[PDB]
Every structure is written in structure tokens, then in C-alpha cells.
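J.: got a sequence here, can you model it:
(chains A, B, C, D, E, F and G)
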Amino acid sequence: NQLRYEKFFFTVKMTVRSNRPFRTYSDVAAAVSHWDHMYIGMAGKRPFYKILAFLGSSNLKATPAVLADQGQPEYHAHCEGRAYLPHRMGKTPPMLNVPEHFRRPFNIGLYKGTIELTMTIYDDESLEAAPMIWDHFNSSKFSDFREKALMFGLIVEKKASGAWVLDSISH
Amino acid sequence: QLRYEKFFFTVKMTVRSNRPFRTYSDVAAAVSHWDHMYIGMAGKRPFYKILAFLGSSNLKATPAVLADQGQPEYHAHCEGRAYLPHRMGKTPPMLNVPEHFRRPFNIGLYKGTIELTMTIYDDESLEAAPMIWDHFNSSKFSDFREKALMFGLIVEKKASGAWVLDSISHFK
Amino acid sequence: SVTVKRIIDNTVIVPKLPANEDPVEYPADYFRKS
Amino acid sequence: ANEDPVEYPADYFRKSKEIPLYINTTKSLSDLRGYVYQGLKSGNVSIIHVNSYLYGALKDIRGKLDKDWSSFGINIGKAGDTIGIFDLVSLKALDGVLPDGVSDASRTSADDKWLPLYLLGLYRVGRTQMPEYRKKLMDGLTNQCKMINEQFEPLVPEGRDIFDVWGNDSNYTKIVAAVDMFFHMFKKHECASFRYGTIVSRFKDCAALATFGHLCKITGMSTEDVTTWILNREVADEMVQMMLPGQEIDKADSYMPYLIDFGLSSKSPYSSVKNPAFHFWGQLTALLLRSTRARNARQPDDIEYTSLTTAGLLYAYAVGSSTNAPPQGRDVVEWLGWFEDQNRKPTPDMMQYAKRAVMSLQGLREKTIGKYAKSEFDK
Amino acid sequence: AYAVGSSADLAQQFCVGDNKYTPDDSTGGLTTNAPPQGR
Amino acid sequence: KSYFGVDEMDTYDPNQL
RNA sequence: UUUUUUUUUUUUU
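T.: Numbers count the residues shown, from 1 in each chain, chains lettered A, B, ... in the order given. Below you will find the coordinate block:
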């Protein structure tokens, strides 16, 4: 195996609905990590989808309704751009600019509610100079990149001279 | 592999915001993220960060601040020749072309914009040059590593006697 | 079998059949080979 | 020649002796199960995955062997062993990038018993362009699946149509033909029901033989007496074009009927588009001899009809009857005499017979031999 | 061209061994201008 | 501040005359 | 007039 680079457009939208509003970030990872308990999406995009769900969970904004009324909070996120990722999973077949929607209930101890995601990834054949996917993290929140990468079922590496390259999907 | 890499460097740093800065820590926090979405040369990412460190040490005021306190503004400029000990292995060839970045910085209390114009390139001359690390006048104290980490650069305070760059996990 | 020659040329041909149905097979073969 | 040339099956094994078949086997069986089963539910499955799935399902099926299979200088096993379904064609490795799919990780094995049957039935049903027939077949298929794994539900919903392009593929039809041949030899196999989907492939593009056989059976005469009664040098070219030493016919266990599917022949000489005079004359005789399968044939054009009808009617009267009156017995040698000596005009009794043979016909379709007969003889 | 639609070409095409019918047409009395046959 | 994600900044500035 | 085809025939006796 060897490092392979993959450039692609990405578009993301995530929503989480629950009560007893959503304290601390650890529960963010734990809850949203169960967006694919019974996956029926297009295989071959699982690494991309897991990375993308992690990205969206990182920088989700709670809605003003959370501030004003506590009865039903809501958390939203939305992203779009072009990024290039290094990975070693294998070789990816042709992609497509098709949307994918997922919607699931979750229940982690004290928290219970619903998750609804909508994503779209598609390969780019251009000659632009796109940024790395990792840089799309704000870095103003959360701590450590191995543990959180594991919370989603995603094993990465910490190359000294470069940036993070995937290893595999634990699942 | 303790590799000594030489380069000429030029750096021009500018900060705009309201709520003019008081403590250097806030300025350092603001500037540390100057590369939110990097689309520059892949191989040049770490060295620019080191050079950003230099820019941080050289924050300057202007008569604009002296003219009014409601338009904060800082300038800074440095340039010269240097070489860096590093343990990243081997760096690709580097070219001499200017590069520029302007980003918005948001740490809460402080909000504004940061602009960095850098130009780092090879020195094919064969002459010796002093250390890049022993080039500033802000030797401060033994917590130099803490500042470097706060930017996100891991350095050494071991018997080596210098502050060689170590690693990434610059994200935290 | 019988021969039917093209009148104009006198060449030889032998009309076979489509055989779109099945053949037959008597019991003997099954008790004669295995 | 704005038309196309003709090719023969024997002229294919005189070069190469291995029938290639290209597939992919990189992905496991469970992944292909997911891909096919979900792709059909959404309705965006790719062909390559269906090919590889049928390969990976019809691979543990086998049977015994009684006798001496061989064909066009080829051999298949030997009495007293076991064989598969893909031991009839040569496998190789398909190359090039492959598409992706929609995978599932819960697919019980029991949903393979009826899936290859489903896909073969889809191949069959996607061949006739008529809504009534199409829905009759797409309900018979569901009933067939029900009798095996009832609580099966229809896939590929009734809207945007799929599986009609697959006929353009070359490996899929090879798979279907091999399946049909293997389950046609072994009809007592418990999984023979797969042949519900693969029966259209056997005599395909060969509707010039079928007519010859139907005429041989209806008439009741031998084949020599039948080929004697031609009386035109328009079907004789076609008759000589259908009867050559090689291209072994009358051997049920041969590769001829799949000359189209397996690729042994591009344009079969036995078509109804290259033997239109033969087709029309044969099935007009059949129509004038009180046959059921004569009023649904097609009426090919660019053929001069004024000649064939008289010969067909003469032959029908000859078989159906047997001046001093018509001669007794049936032989052309003493029939052309009576026709010639009484000039070319058909007897009124002959036309009465022709009309009474087609007096009553309930259903008729445009460009049918029934239509022509009811138009010219009903006068 | 009018002939092709009147006088179809009927004759023996395939013969069983040495039994080809021969045209018995030598009598010249037809005898008017009625349509002749052939093609 | 007791929670996470409960807006950030609201960069638009109302802290002005 | 993409491509072939030409029983809105066919699990099998």
C-alpha cells in the first residue's frame, strides 16, 4: 500500500434534534457517530462520509431557539467546498454528484433524539490547487485527533513532516 | 536525521481589528491560525509557520494608533538569510516567488483581519550562516517551547542546546 | 434417405430437419452402458 | 451491398476453439448480493454486477452425465463425472475500471434461490414491446418466484424502465444461453425453473427452420416430398442457403441454436429477413392447410407476392384432395401436368377450398398472413 | 413489365432421382393474341 | 458559556453607538 | 432505418 491523493468537491448539511440541551462536545461525537448503524448508502464512499460527518459535527451551530427556549433545542451545520485528502484504503471507483440523505434515531444514556444528514461528494478532474481536508477544521475546539478520529470509527496517522493520512476504517 | 536547511526569508505582517490588543498572548493566538484554508505549496507549510513565529516576535505599532484608539492596526516586517535544524527528513526544492494571505481572525474579545506576505526561497550559495533560532532579540525565558506549542510547533529544550523544530499535531 | 439433385445444376443436397422437438431413447441404453 | 453478408456456425470453430466469456471476480458474493438487490430497488444497477452475480450464483450447480456430449469438434466431459453450467464456455478476465454500487450488510442466503431466476425473467420480459404481454410476463415471473419464496415482493417498480438495454450486452446473453442449454439437457433438475427466463434464446433469429418443420408435420409427408413441392426458383436459393453439410442440425446437444447468443454467427442464414419468400410460402401453405399458427406470422415486404400464392394454393390443394378430374395421389411430376394442360387459371373448386379454409378468423393484425389471406381469398 | 403480374414462373425446381418433369409444350395452336406466358 | 455550540460571537457588532 | 429480429407461444413431460 502507498499514499494516494484524492481531490473532490464536498457539500454537507447536518441537523440534530433533542431535549435537555446538548452539554459538552464528547456527546456530539458519541451521538452523531451512529448516523450509519445500518448503512445502505453507496459503498466506496464510507471513508469520505465518515470524514465528512466528523467535519460537520466539529463546527455545528446551535440555533437561536436553543438560546430563547429550552423545550426543543436544535443543532445545525452546513459546509461546502473543494478539498483533497490523502488515503490508503485502495482505489476508488468513479464518483457522482448525487445527494445522499440519512435519518436515524439515537439514544445515548441521558440524551435521546434524531439525526438527519445530507451529503454530496464528487471527484474533480481539474488542475486547481485545492486545500487539504484537515485544514477545514477550526482548531478552536475539541482536543486530540486520534481519540476523536476513533470515536467515529476512523484510524489516521500523524506523519511528522506532513499532515494526517488515513490508515483504515475500524467500524 | 538532524538536517540543516538554508533559505532566504522575507515576511510582512499586518493586523487590523477593534479592541486594540494589550497582551502578546492574544496576538499570538490570533496569528497562529493565519492558514485556516491553505492552498499553497504542500512542502512549504511547516517552514512558513516557523517564519510566522518570527513575525509574531516583531509586532509594531504605527502613528495610526497614536491618531485614534478606535482603529487598531499593527505592522511588522523582517527579512534576511538563515538556516534551520529540523528532523522532518528532506524538503522538496523551493522556488522564489511571493505569496500572500489575508484571513479573518475571531477569538471572541478580539475580532478582525490578519495579512501575511511571505517569500521563502533557496540559498544556493555555499557560505555558512548563523542559526535561524538564534536570530531574534526576544530570547524571553525557558518557556519558549510553550509559546511554540501555543502556535503548534514542538521544539526541544534538551541537551541539544537549541530549539529545533520537531513535529506536527500543530492542530490541537 | 433419398437423393434430391438441383435440376438446373445437378448438384447434391440432402434436406435435414429442424429437430426443434426432442429425440427418443429406449430403455436398453440405460441398462447397457451404466 | 446495402444488405449484409451471411455467416455459419461451423465457420466459427474453424478459427479458435474456445468461446470467451468476460467477467469480474474481484468482489465477494455478499457485496454483489447487496449491489444487485439494492440497485434494482432503486433501479440503477449496472450490467457488470449482474453478470458477476449470475456467475457467482450459478457455480455450485452441477449434475451427472449420461452419454457422449460433443459438438462442432468440441468435447464436454465424459460419461461418469460431474460438470457445471460454465464448463460449456471459456472464462477469462475482463479489464478496465468498474462502477460502484449501493451495498447492504443484511441479505440472507435464501434470497439467491430465486434471484437468478428473477434476472433471467427480466431479460426475457424486456424483449417484447407490448404492455399487455409485458405485464402478463412480469406477473408470471412474480408467481414463479412466489411458488419458491412466497412473501417475495416485486422489485424494479413499474415506472422508469430498466433491463431493456441488457440485450445489447454480449456476456449476459452468453450466460443466459449456457444456462438454457444446460437446464434443457437436464430437465429433471430441481432448479430447472430457471429455464422460465431463458427459453427465448434457443431458437432466436432462426424462424425459417421452424416453419419448415411445421410444414413437414402439417403436410404429413416426408421431407423429400416436401422439398420436391417448391415450384419456384425464389425459395430454392434460400433452401440451398439453409442446407449445407456442416452446421450440424438434428443433433439436439449442439451449439447451433445459440449461434446468435454465443456469438458463433452474427447474421443467421435461417432468419425471416433473409428468407422472406420461404417464410411466406411455408406459412401460407400452413394457413391453407387448417393450421393454428399461421394467422400470426408477419408479412415481409420487398417480395413479389403474385408468384408465391399460386404455388402455395396448388400444394395445399394437392395434399388436401388426394377433364378426367384431379389426379389421385400426391407427386409434383403428375401435378404440373394437370396445371399446365389446363392453362395457369386456378380451378373454381380450388379457390372455394382456399376460401372455406379461411372463412372464419376472429383476430387479425396488420401485416399478418391471415390478413393477406382474408383479403385476397375472401373475395 | 405487365407480364410479371400475369404469368408467374411455375415449373419443377428440385427433382427426385431422374424424375424431373419435362415441359410438354410443342403444339403451336394457342392460337390468338391471348397473353403469352413466361418471363 | 455553560454549554457548547450556543452561538459563537455573532460577529455582527451591536456593541457600538 | 441505433442493433438485430418477425405466433401479444412456450418450466417440463
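J.: so which residue of chain F comes closest to chain C?
T.: Minimum separation of chain F from chain C (C-beta to the nearest C-beta) falls at residue F:5, amounting to 75.5 Å. The C-beta positions use only the backbone N, C-alpha and C, and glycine is treated the same way.
J.: neighbours of that residue, how many?
T.: By the criterion of other C-beta atoms under 10 Å in any protein chain shown, residue F:5 has 23 neighbours.
J.: hmm, it is touching residue A:61, no?
T.: Yes - counting by C-beta atoms under 8 Å, residue A:61 is a contact partner of residue F:5 at 6.3 Å.
J.: any shared contact partners between the two?
T.: residue A:75 (C-beta atoms under 8 Å, 6 or more residues apart in numbering or on different chains).
J.: on that earlier part again, the residue of chain F closest to chain C and residue D:283, how far apart?
T.: 80 Å (C-beta to C-beta, to the nearest Å).
J.: list the residues that contact residue A:135.
T.: B:35-38.
J.: hey, what's the closest residue to the residue of chain F closest to chain C other than its chain neighbours bridged with?
T.: Nearest residue to residue F:5, sequence neighbours excluded (C-beta to C-beta, 6 or more residues apart in numbering or on different chains): residue A:62, at 4.1 Å. Assessed by DSSP bridges, residue A:62 has beta-bridge partners residue A:75, residue F:6.
J.: count the neighbours of residue A:62 for me.
T.: 20.
J.: residue A:164 now?
T.: Using other C-beta under 10 Å, residue A:164 has 20 other residues around it.
J.: what residues are up against it?
T.: Here residue A:164 is in contact with A:86, A:134, A:145, A:156-158 (C-beta under 8 Å, 6+ apart).
J.: count of residues packed around residue A:126?
T.: Using other C-beta under 10 Å, residue A:126 has 9 other residues around it.
J.: check which helix or strand it maps to.
T.: Counting by DSSP states H and E, no helix or strand carries residue A:126.
J.: ramachandran angles for whatever residue of chain A ends up closest to chain E?
T.: Ranked by C-beta to the nearest C-beta, the top residue of chain A for proximity to chain E is residue A:94, at 60.4 Å. Main-chain torsions, residue A:94, degrees, to the nearest 10: phi -60, psi 140.
J.: try residue D:197
T.: phi -90, psi -10.
J.: mind listing what it touches?
T.: With C-beta under 8 Å, 6+ apart, residue D:197 has these contacts: D:117, D:119-124, D:141, D:176.
J.: Provide the partner residues of residue 14 in its beta bridges.
T.: Picked chain A for this. In this entry, residue A:14 is beta-bridged to residue A:77, residue A:117, by DSSP bridges.
J.: think we crossed wires, I meant chain E
T.: Taking DSSP bridges as the rule, residue E:14 bridges to residue C:6.
J.: residue A:143 versus that one, what's the distance?
T.: Taking C-beta to C-beta, one finds residue E:14 at 97 Å from residue A:143.
J.: more neighbours, the two?
T.: Shown here are residue E:14 and residue A:143; by other C-beta under 10 Å, residue E:14 has more neighbours (23 against 8).
J.: ok, that one touching residue D:235?
T.: No - using C-beta under 8 Å as the test, residue E:14 is too far from residue D:235 to be in contact (10.2 Å).
J.: grab the most central residue of chain C for me.
T.: In chain C, the centroid-proximal residue (C-alpha atoms, centre = their mean) is residue C:16; its distance is 5.9 Å.
J.: what's the spacing between that one and residue B:23?
T.: Counting by C-beta to C-beta - residue C:16 and residue B:23 are separated by 104 Å.
J.: looking at the chain, which helix is longest?
T.: If you meant another chain, say so; for now it's chain A. Longest helix of chain A, by residue count under DSSP state H: helix A:46-58.
J.: hmm, I had chain D in mind actually
T.: helix D:131-149.
J.: buried residues in it?
T.: Neighbour counts over helix D:131-149 (16 or more other C-beta atoms under 10 Å in any protein chain shown) mark D:137-138, D:141-142, D:144-145 as buried.
J.: cool, and stretch D:330-343?
T.: D:330-332, D:335-336, D:338-340.
J.: list, one by one, the residues from chain F near chain B.
T.: F:8-9, F:11, F:13 (C-beta under 8 Å from any C-beta of the partner chain).
J.: repeat that with 7 Å
T.: F:9, F:11 (C-beta under 7 Å from any C-beta of the partner chain).
J.: helices of chain F, start to end?
T.: Under DSSP H, chain F gives no helices.
J.: so what's the residue in chain C that chain D sits nearest to up against?
T.: Relative to chain D, the nearest point of chain C is residue C:18 (3.9 Å; C-beta to the nearest C-beta). Taking C-beta atoms under 7 Å, 6 or more residues apart in numbering or on different chains, we find residue C:18 in contact with D:209-210, D:212-213, D:249.
J.: make TSV out of those residues and add neighbour count and secondary structure.
T.: Below are these laid out as TSV (neighbours: other C-beta atoms under 10 Å in any protein chain shown; DSSP: H, G, I helix; E, B strand; the rest coil):
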residue	neighbour count	secondary structure
D:209	22	helix
D:210	18	helix
D:212	25	helix
D:213	16	helix
D:249	20	coil
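J.: with distance to chain E as extra columns, can I get those residues in JSON lines?
T.: Shown next, in JSON lines, are the contacts of residue C:18 (distance: C-beta to the nearest C-beta, whole Å):
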{"residue": "D:209", "distance to chain E": "18"}
{"residue": "D:210", "distance to chain E": "21"}
{"residue": "D:212", "distance to chain E": "14"}
{"residue": "D:213", "distance to chain E": "18"}
{"residue": "D:249", "distance to chain E": "18"}
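J.: buried residues in stretch C:15-30?
T.: Per 16+ other C-beta under 10 Å, stretch C:15-30 contains these buried residues: C:15-16, C:18-20.
J.: neighbours of residue 1, how many?
T.: Just going to use chain A. Residue A:1 has 8 nearby residues by other C-beta under 10 Å.
J.: please go with chain F instead
T.: Residue F:1: 4 neighbours (other C-beta under 10 Å).
J.: could you do residue D:83 as well?
T.: 18.
J.: mind checking how far it is from residue B:29?
T.: Counting by C-beta to C-beta, the gap from residue D:83 to residue B:29 is 76 Å.
J.: what of residue D:308?
T.: Taken as C-beta to C-beta, the span from residue D:308 to residue B:29 is 98 Å.
J.: in chain A, what residue lies closest to chain B?
T.: Among all residues of chain A, residue A:161 sits closest to chain B, at 3.7 Å; criterion: C-beta to the nearest C-beta.
J.: ok, now chain E?
T.: Evaluated by C-beta to the nearest C-beta, chain E has residue E:1 as its residue closest to chain B, separated by 81.1 Å.
J.: follow-up on the earlier one: settle this for me: the residue nearest to the centre of chain C is touching residue D:249, isn't it.
T.: Yes - taking C-beta atoms under 7 Å as the definition, residue C:16 is a contact partner of residue D:249 at 5.0 Å.
J.: one step back: go back to the contacts of residue A:164 and keep what's next to chain B.
T.: Applying C-beta under 7 Å from any C-beta to the contacts of residue A:164, those adjacent to chain B are A:134, A:145, A:158.
J.: which of the residues you listed lies closest to residue D:51?
T.: Distance to residue D:51 across the ones next to chain B among the contacts of residue A:164 (C-beta to C-beta) is lowest for residue A:134, with 40.2 Å.
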